[PDB]
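Numbers in UniProt numbering are just positions in the sequence shown, counted from 1, shifted up by 345. Note that beta-carbon positions come from the ideal geometry of N, C-alpha and C, so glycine has one too. See structure below.
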Amino acid sequence: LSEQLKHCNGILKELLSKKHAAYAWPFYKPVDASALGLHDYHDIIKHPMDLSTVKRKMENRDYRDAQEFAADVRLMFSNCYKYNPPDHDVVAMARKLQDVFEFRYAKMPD
Ligand SMILES: COc1ccc(CCc2nc3cc(-c4c(C)noc4C)ccc3n2C[C@H](C)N2CCOCC2)cc1Cl
């Protein structure tokens, strides 16, 4: 639905909003592995994803349905849970942002 894609865009805007910036910020841009010294990142993560990429895809009308959008958002979180030890600060931030996402995604119009 166009309606469902608008709900997805609303979620995306919320994830990027000041309200959630304290825990969303690591997810704003692609992981710069070389800059961070994470020289194994691209050997472990096959499909990098981040909120700027989700935004560009939405703006370019790449997503054809809500589930395609959701798969990229969940991919972003899964990459974080795969790469980082579960006690890492960034994983705590991911869990909080994923809670924001999942509870609002569940309110999808249908
Ligand atoms: C110009 O504005 C910026 C400022 C900072 C960044 C990227 C910084 C960054 N971006 C990061 C992305 C990750 C990350 C994520 C998210 N998922 O796996 C990894 C690795 C991890 C660290 C990242 N870090 C380092 C920081 C200091 N984190 C360390 C760990 O605890 C949370 C804070 C990018 C931009 Cl564009």
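Boundaries of the alpha helix (DSSP H) around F446: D434 to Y450. Between the stretch 351 to 370 and the stretch 381 to 393, the count of Cβ pairs shorter than 8 Å is below three; the stretches do not touch. Annotation for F414: the continuous alpha helix (DSSP H) segment containing it runs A411 to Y428.
What you get when you keep residues with a C-beta closer than 6 Å to any heavy atom of ligand 1 is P371, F372, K374, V376, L381, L383, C425, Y428, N429, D434 and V435. Taking the Cβ atoms as the reference, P393 lies roughly 22 Å from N354, outside the contact range of under 8 Å. Note on the stretch 362 to 387: whole alpha helix (DSSP H) runs with a minimum of 4 residues are 366 to 369 and 378 to 381, in chain order.
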